[PDB]
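> Quick one: the structure is below, and I'll ask about it shortly.
Cβ atoms come from the backbone with ideal geometry, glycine included; neighbour counts cover every protein chain shown. Readers should treat all values here as calculations from the given coordinates under stated rules, not as data from a laboratory.
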Amino acid sequence: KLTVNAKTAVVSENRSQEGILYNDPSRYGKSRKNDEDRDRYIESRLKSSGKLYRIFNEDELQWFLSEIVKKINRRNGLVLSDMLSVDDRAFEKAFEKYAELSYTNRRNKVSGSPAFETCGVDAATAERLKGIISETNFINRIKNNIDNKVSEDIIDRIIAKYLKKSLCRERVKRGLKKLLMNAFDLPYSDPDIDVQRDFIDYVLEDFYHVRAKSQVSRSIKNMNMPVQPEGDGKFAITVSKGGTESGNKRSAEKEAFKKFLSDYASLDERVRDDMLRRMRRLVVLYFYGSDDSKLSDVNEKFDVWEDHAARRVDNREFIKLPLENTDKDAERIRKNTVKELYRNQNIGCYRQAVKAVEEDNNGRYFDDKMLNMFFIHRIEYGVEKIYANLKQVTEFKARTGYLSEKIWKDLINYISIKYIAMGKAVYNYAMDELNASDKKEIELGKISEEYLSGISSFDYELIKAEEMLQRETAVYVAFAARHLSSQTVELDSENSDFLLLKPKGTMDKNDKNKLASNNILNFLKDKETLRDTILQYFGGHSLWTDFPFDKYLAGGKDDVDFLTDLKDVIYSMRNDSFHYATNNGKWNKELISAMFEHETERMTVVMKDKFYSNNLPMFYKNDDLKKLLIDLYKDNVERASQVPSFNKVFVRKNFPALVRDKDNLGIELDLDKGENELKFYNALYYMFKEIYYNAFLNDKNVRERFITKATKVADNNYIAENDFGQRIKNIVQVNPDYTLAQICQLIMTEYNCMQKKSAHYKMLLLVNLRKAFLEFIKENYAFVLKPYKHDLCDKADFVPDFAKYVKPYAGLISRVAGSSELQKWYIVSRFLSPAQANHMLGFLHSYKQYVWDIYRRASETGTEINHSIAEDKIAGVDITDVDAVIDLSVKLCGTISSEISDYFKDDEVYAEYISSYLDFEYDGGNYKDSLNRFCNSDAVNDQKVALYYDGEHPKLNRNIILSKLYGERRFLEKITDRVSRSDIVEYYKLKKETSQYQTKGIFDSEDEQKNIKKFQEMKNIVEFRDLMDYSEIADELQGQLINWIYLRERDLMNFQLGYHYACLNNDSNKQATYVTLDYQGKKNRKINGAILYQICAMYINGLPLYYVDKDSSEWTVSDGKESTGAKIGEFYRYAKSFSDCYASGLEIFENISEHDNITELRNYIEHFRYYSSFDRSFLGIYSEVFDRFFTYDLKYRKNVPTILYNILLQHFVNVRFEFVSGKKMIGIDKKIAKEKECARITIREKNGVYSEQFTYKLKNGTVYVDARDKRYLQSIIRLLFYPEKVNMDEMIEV
RNA sequence: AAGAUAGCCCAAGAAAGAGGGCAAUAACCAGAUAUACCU
């Protein structure tokens, strides 16, 4: 990259913007480059590569081609830096002047190569310089290192494979081939091509970068944001300042489209229909000529959407494809030929359309010629986007109808993203009065004072940070509501949203004698066990025997109101904007606050018990752990993001060998010898993790040793350490108070494809952190160096007083009691799985770091930025408190009670639940006796099964309990096979085989590593850990779907805001209540810019909406807490005061005919209907999202399959997609729903799924093992395809 | 309907042009909750 070690930004002074270059990290006064230093930096970076300039970049035939290009690039070859620097570089200025004049001659009409006499050189020396850059000298320099004969095919393959990108032009490539054919004395004819002018002269222009030298710096200075305020304080799409002849034409075309956006925002549907028809005629003219039948009658009001559907099925060919010869180097030649055919036809289409719009308009197109030229340029650009990086030559992509309809949707896409861009600026910077206030009259759509002078790039970075966390939080709100409802209510198709159920006292609106249809009482599964079921998600009801529920549930209140209170906490976070505050809890704040305090009082005992459960005291004295437990948990630690994880710094497989090494630690434990050796390394690994995060990363002495140990080579892979150390040295000079975490963040930022990639600084950060940790252990925690195995005491006897030593939640208890917002973060995070709560905590860390980095870079560049987004607060509450709250949920969600009665009624109900995942041979009588008969039956030889029993009761399995609370059991039954006897037989066999060499880490033979891997996979199966992996994968696939839901809902609101903002500010006819609302009720209020307020009120929980009620037929105002569906219905009731205002302009956003299908798809996902019906596959849901969920922005739609690919590859599953046809419905029966073809994303039937391979290093060499066995891949396929069945033996490749 | 693996902004541009930027925009990178995700 050109500006490799610089950053760009857009700053605004007074409605004047400037793109700037700045160094990062740097200080104010040494970061932002002035106009002169910007120019010199670009020119310096451009000419810092002249030395290694080569015209060529980088099987028997493929390797002969590699030898030719290297011999040409070696010394005495075609090395321009040596040819042009001849005679002590006395002619370098004349050669560069020649290159600049050659480029100027191309622009300014003058034909012919420039004469060196005009370059400051006499006529005698001029004839010498001409010879140096002559065809003769180029031929001699190319043949100087070549002793082989080459053919025309070799020249063609070399040009197509290795030619420099900037030289890959039609006439340049033809000039190079003509020279290469003349060099090797091959007959060739191309008289239209001049080798000197078409190739050699251009190479000189490219060698001296005459184009970039006079354009890159200026193009950077003219960069800007999508939307900026104009003179009258109005937001509009940014128009370039121009400055050149083509720049003034381009800006005038952009001004014509800006008026189009204003004119198109009209409530009169006939106006928009006429404007789209004129745009449609431009597309028809471009691809079918002015003689097309749809252009004959100027006044013909033809249906633009039938023309769109008709051309798509036309068989006309845009270009004719040549025959294919797989010879991959020959196919690269064919694709290059096809691209030039596209370009030639695209140019022909452009010139004929430009001519016809100037000579034969007459009402066919737009009256503004600049608007016609803007669209024609968009069409030509749209064609180039399709073929410029053509993936694979296909026939359908060469059809004229395919391209014309892709461009048609491309034009509408451009209109869509511009309205959304306008709404984004309006929502964030012109809706200030949405914040709660006592003002009886408010004005929406007026830009705030701080942004009347323009928007900077740093401003939009803050928006992204806030919108990312908002969307990520919305995913977990849905999951929290799902987990709470999973065991408490049973929903149907008419009441599928748990958060929308009504309190127990809700009666019908037309008959006050009957309960409301959405009354929560109509859906409770077991009212008598409601409290104990709810308390399962709070650690088990046995932990709340001393909690005074009757105090907070007094009078008529019972456990139904308890469920309703928790339901209300979660719902209050749905659609809860972080940017606009509407912190008053509807629920019982005292009950939720008391439950939080009750859970904090067990935090110290839980963290103490984790030392006990990890067998840590089994090898260490009891006062050394107590001094450690105090050191680690005395204060709540807020972790920073972008810091390498403990599991990546200390790989678990290399952990035993690393600790035994006497240069590192040299820990020596001598002793069921293999049993306790594994217990010790598992104990030591957990202890080092807790020390790593809660003491090591924040230790002052650690930061100082790290800086010196990492900057050692800087004061002396060797190339990396001196550059790595110099950047650490620079970071400390910029700010000596940067923490160790901030040094890692700044280093890891420079270390950083849309697609996850399958099989310098990051490795050095892991090394320096690993070494610094081992030295931290020896100095501060030397007791770990001398373990001693002994029998452990009882859990109650292990540091019983630890609760009184440390009280880290002392201050947080009181602040949670008086904060409704903190109680939201508590309940929502508490009802998540441990993995999801950890992910939520990670998202909060990324938010704080992102905001911190934005202000750091804005300050170093001297860019004034409004601090509406606090570094230490989110939604008016401290981030440190939110962090400690979610961190409490993370630890407690993973703390399963030791009482079976907390989750099941008795041992029989529990044993029957285990039968869904374990086939312990159920005879038909009781499940407990069948499970006890199975656990005490012989497995192999003299070792029986056991595993699932503990004395007189079945063993409490942590993974089974977690899958009941946070998993989906009927989903797990359909995609997994139950654990059978043959599985347990193979488990003990592999454990006995590997018992000799289980605790080494780096094994001897290749067969030992493959048996350890097979055993670890069998252990995960027998302990139900394969179940938890599939649940996480399903949660990640479902979470991404819910993420996309709130991505679209944000942009739908932005589109409506920007569209109606443009309508408010044009001369189109608008009525009174559209512009101003004068509500005269009890809660009277006057709303200026009423349409903008009412749009935002639809999407913000707590924002009231003004409307005419359906039953009273009178004006009213809601409390703002009603559902989105109810608010949309209220908007329609408001719109009747001034033909579909809600859907106005949405033909740009989506297909109106499918609007109800999008809502049904949205509800299907967010209401978790897949886990009740199983009527569609995950691939089927992702297919429909790709087909029609992101109609409004191509950049979101065209990345949907890649995102699905990345989620699977993250779990080491590689899939090969195939895009075929499915079915979808258009409309919902009321009875109009018709079926239509739909995009279907599927996996290739033959070798479409394969596992990533692990690189396992041994003593001598390396063994490659599949990361995922066939059994694992089969469940992944079933997860993606169910209910559809496929041939998984044929699909999986091994 | 779709046959994806980007999109936009600045520059250039009709004997076309094709050079830059984007944490601005999604993705990407990174994140360790529970105890046998490598390189």
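> Considering only the other residues whose Cβ falls under 10 Å of the Cβ of A:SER12, what net charge follows from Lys and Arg at +1 and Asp and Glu at -1? Each step should come with its number before you reach the end.
On the way: positive: A:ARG15; negative: A:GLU13, A:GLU18, A:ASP459, A:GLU864.
Cβ neighbours under 10 Å give a net charge of -3.
> Using the Karplus curve 6.51 cos²θ - 1.76 cosθ + 1.60 with θ = phi - 60°, work out ³J(HN,Hα) for each residue of the range A:602-615 in order, rounded to whole Hz, and write x for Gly and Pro.
9, 5, 5, 6, 5, 5, 5, 5, 5, 4, 5, 5, 8, 6
> Once the range A:78-151 is represented by equal point scatterers at the alpha-carbon sites, with solvent omitted, what log10 I(q)/I(0) does the Debye formula produce at q = 0.13, 0.16, 0.20, 0.27 Å⁻¹?
Listed by q, the Debye log ratios stand at -0.46, -0.65, -0.90, -1.29.
> Return the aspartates and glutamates within reach of A:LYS807: Cα separation strictly under 14 angstrom, same-chain partners fewer than 8 residues apart disregarded; answer none if there are no such residues.
A:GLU597, A:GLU599, A:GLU601, A:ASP631, A:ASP635
> Out of residues 5 or more away from A:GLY1222 or on other chains, whose amide H comes under 5 Å of its own, with H placed 1.01 Å from N in the peptide plane?
Distant-sequence amide H within range of A:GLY1222: A:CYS1238, A:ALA1239, A:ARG1240.
> Let me ask something else. Mind giving me the FRET efficiency for A:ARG169 and A:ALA124? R0 is 51 Å, r the Cβ-Cβ distance, nearest 0.05 is fine. Please list the in-between numbers first.
Details: r = 34 Å, r/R0 = 0.67.
Efficiency computed from Cβ-Cβ geometry: 0.90.
> Could you tell me what fraction of 2.2 N^0.38 Å the Cα radius of gyration of the range A:1180-1291 comes to, as a two-decimal ratio?
1.37
> Another question, if that's okay. How far is the Cα center of the range A:742-811 from the Cα center of the range A:1172-1247, in Å?
Cα centres, the range A:742-811 to the range A:1172-1247: 42 Å.
> How large is the translational diffusion coefficient of the range A:60-217 in µm² per second when you combine the Kirkwood radius over alpha carbon pairs with Stokes-Einstein at 25 °C and 0.890 mPa s? List each step's numbers first, then the result.
Working: Rh = 16.5 Å.
It comes out at roughly 148 µm²/s.
> State to the nearest 20 debye the size of the charge dipole of the range A:227-427 about its Cα centre, where the only charges are +1 on K and R beta carbons and -1 on D and E beta carbons. All intermediate terms of the calculation are to be shown ahead of the outcome.
Working: 38 positive and 34 negative charges, 143 e Å.
Dipole of the range A:227-427, to the nearest 20 debye: 680 debye.
> Please list A:1169-1177, A:1123-1131 highest first by mean number of surrounding beta-carbon atoms within 10 Å per residue. Could you put the intermediate results ahead of the total?
Values: A:1169-1177: 15.8, A:1123-1131: 17.8.
Highest-to-lowest ranking by the protection proxy: A:1123-1131, A:1169-1177.
> With +1 on the Cβ of every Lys and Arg and -1 on the Cβ of every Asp and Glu, and nothing else charged, how large is the dipole of chain A about its Cα centre, in debye rounded to the nearest 20?
Result for chain A is approximately 3040 debye, rounded to the nearest 20.
> When the convex hull of the C-alpha atoms of chain A is computed, what volume per residue in Å³ does it have? Present the calculation step by step, with values, prior to reporting the outcome.
Values: hull volume 288.5 nm³, N = 1294.
Enclosed volume per residue, from the Cα hull, is 223 Å³.
> If you plug each phi of the range A:18-27 into the Karplus form 6.51 cos²θ - 1.76 cosθ + 1.60 with θ = phi - 60°, what whole-Hz ³J(HN,Hα) values come out, in order, with x for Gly and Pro?
Working through the residues one at a time gives 7, x, 10, 9, 8, 8, 9, x, 8, 10 Hz.
> Where Rh denotes the Kirkwood radius from the mean inverse Cα pair distance, what is Rg over Rh for the range A:1022-1122?
Numbers: Rg = 20.9 Å, Rh = 16.9 Å.
Here Rg/Rh amounts to 1.24.
> Same structure, new question: Do any of A:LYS51/A:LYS93; A:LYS955/A:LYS1019; A:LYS7/A:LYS418; A:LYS165/A:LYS249; A:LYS424/A:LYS586 go past 19 Å between their Cα atoms, and which? Present the calculation step by step, with values, prior to reporting the outcome.
Values: A:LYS51/A:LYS93 16 Å; A:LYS955/A:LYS1019 16 Å; A:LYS7/A:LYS418 26 Å; A:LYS165/A:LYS249 29 Å; A:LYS424/A:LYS586 31 Å.
From the list (A:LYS51/A:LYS93; A:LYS955/A:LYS1019; A:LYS7/A:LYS418; A:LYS165/A:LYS249; A:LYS424/A:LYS586), the Cα-Cα distance tops 19 Å for A:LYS7/A:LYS418; A:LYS165/A:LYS249; A:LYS424/A:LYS586.
> If you don't mind, there's one more thing I want to ask. With an 8 Å Cα cut-off and a minimum separation of 6 or more residues, compute the relative contact order for the range A:60-217 in percent.
Working: 147 pairs, mean separation 44.8, N = 158.
28 percent.
> In a shell of Cβ-Cβ distance under 12 Å around A:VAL732, excluding A:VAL732 itself, what net charge do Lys and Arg (+1) and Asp and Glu (-1) give?
+1
> Note down the Stokes-Einstein diffusion coefficient of the range A:580-641 in µm²/s, whole number, using a Kirkwood radius over alpha carbon pairs, 10 °C, and 1.306 mPa s.
Reported coefficient: 108 µm²/s.
> Tell me, A:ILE961, A:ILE865 in order of fewest to most beta-carbon neighbours within 10 Å? Before the final figure, lay out the partial values.
On the way: A:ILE961 22, A:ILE865 19.
Listing A:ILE961, A:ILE865 from fewest to most nearby Cβ atoms yields A:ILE865, A:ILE961.
> Report the calculated FRET efficiency for A:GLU1122 and A:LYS439 (r = Cβ-Cβ distance, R0 = 30 Å), to the nearest 0.05.
Values: r = 23 Å, r/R0 = 0.76.
The calculated FRET efficiency here is 0.85.
> Can you list the residues, at least 5 places off or on another chain, whose amide H is less than 5 Å from the amide H of A:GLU18, using H built in the peptide plane?
Amide H to amide H, under 5 Å and 5 or more residues apart or across chains, A:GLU18 pairs with A:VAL11.
> Taking the range A:1026-1122, which GluC sites (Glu not before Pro) meet the DSSP loop condition and have no more than 12 other C-beta atoms within 10 Å?
Values: sites: A:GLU1032, A:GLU1036, A:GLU1049, A:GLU1114, A:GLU1122; in loops: A:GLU1114, A:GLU1122.
Loop-located and lightly packed - A:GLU1114.
> Another question about this same structure. For chain A, what is the mean residue ellipticity at 222 nm derived from helices alone (per DSSP H run of n ≥ 4: -39500 (n - 2.57); sum divided by total residues; nearest 500 deg cm²/dmol)? Working shown, then result.
Values: 55 runs with 668 residues, N = 1294.
The per-residue figure over chain A is -16000 deg cm²/dmol.
> If you don't mind, another one. What is the Å³ per residue value for the convex hull set by the Cα atoms of the range A:142-184?
Values: hull volume 3.1 nm³, N = 43.
Spread over its residues, the Cα hull of the range A:142-184 gives 73 Å³ apiece.
> Follow-up question, since we're still on this one. Quick one: the Cα spread of the range A:641-763 along its three principal axes, in angstroms, biggest first?
Result, largest extent first: 55, 40, 29 Å.
> Continuing with the same structure: Each residue of the range A:261-278 in turn: what ³J(HN,Hα) in whole Hz from Karplus with 6.51, -1.76, 1.60 and θ = phi - 60°, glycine and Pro shown as x?
Couplings: 5, 5, 5, 6, 6, 10, 5, 6, 5, 5, 5, 5, 4, 5, 5, 5, 5, 5 Hz.
> Of all the Cα-Cα pairs you can form in the range A:227-427, what percent are over 23 Å apart? Show your work: numbers first, answer last.
Details: 10140 of 20100 pairs.
Result: 50 percent of Cα pairs exceed 23 Å.
> Calculate the FRET efficiency for A:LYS249 and A:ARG27 from the Cβ-Cβ distance with a Förster distance of 56 Å, rounded to the nearest 0.05.
E(calc), rounded to 0.05, equals 0.85.
> While we're on this one: Say the dipole of chain A comes from +1 at the beta carbon of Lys and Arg and -1 at that of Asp and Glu; which of A:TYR1030, A:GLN755, A:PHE1149 then lies farthest toward its positive end?
Among A:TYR1030, A:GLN755, A:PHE1149, the one farthest towards the positive end of the dipole of chain A is A:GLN755.
> With unit charges on the beta carbons (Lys and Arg positive, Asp and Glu negative) and the dipole taken about the Cα centre of chain A, which residue among A:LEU78, A:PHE257, A:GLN642 sits farthest to the positive side?
Going by the charge dipole, the pick is A:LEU78.
> Specify which residue in the list A:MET275, A:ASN57, A:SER833 is farthest towards the positive end of the charge dipole of chain A, using unit charges on the beta carbon of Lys, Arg (+1) and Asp, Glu (-1), about the Cα centre.
Projecting each Cα onto the dipole axis, the largest value belongs to A:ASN57.
> Given charges of +1 on the Cβ of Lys and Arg and -1 on the Cβ of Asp and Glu, with all other atoms neutral, how large is the dipole of the range A:558-636 about its Cα centre, in debye to the nearest 20? Show your work: numbers first, answer last.
Numbers: 11 positive and 15 negative charges, 86 e Å.
Dipole about the Cα centre, nearest 20: 420 debye.
> Counting only other residues whose beta carbon sits under 10 Å from that of A:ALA911, what net charge do I get with K and R as +1, D and E as -1?
That sum, taken over residues with Cβ under 10 Å, equals -4.
> Still on this structure, please answer the following. What list do you get for A:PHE235, A:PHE783, A:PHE904 if you sort them by fewest beta carbons within 10 Å? Walk me through the numbers before you get to the answer.
On the way: A:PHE235 25, A:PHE783 15, A:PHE904 20.
By the 10 Å Cβ count, ascending: A:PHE783, A:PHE904, A:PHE235.
> In addition: Which of A:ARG316, A:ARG157 comes first, and how do the rest follow, when ranked by fewest Cβ neighbours within 10 Å?
Numbers: A:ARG316 12, A:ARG157 22.
Placing the least packed residue first, the sequence is A:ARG316, A:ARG157.
> Quick one: which residues, 5+ away or cross-chain, put their amide H under 5 Å from the amide H of A:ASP1266? H built at 1.01 Å from N.
So A:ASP1266 has HN proximity to A:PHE1254.
> Would you please classify the overall shape of the range A:186-295 from the alpha carbon gyration tensor, given that a ≥ b ≥ c denote the square roots of the eigenvalues, rounded means a/c under 1.5, and beyond that prolate means a/b larger than b/c while oblate covers the rest?
Numbers: a/c = 4.77, a/b = 1.46, b/c = 3.27.
The shape class here is oblate.
> Follow-up. Measuring from label point to label point, each 7 Å out along Cα→Cβ, what is the A:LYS1236 to A:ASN730 span in nm?
Roughly 5.5 nm, to one decimal.
> Label points 7 Å out from Cα along the Cβ direction at A:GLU597 and A:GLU1160: separation in nm?
Placing both labels 7 Å beyond Cα along the Cβ direction yields 5.1 nm.
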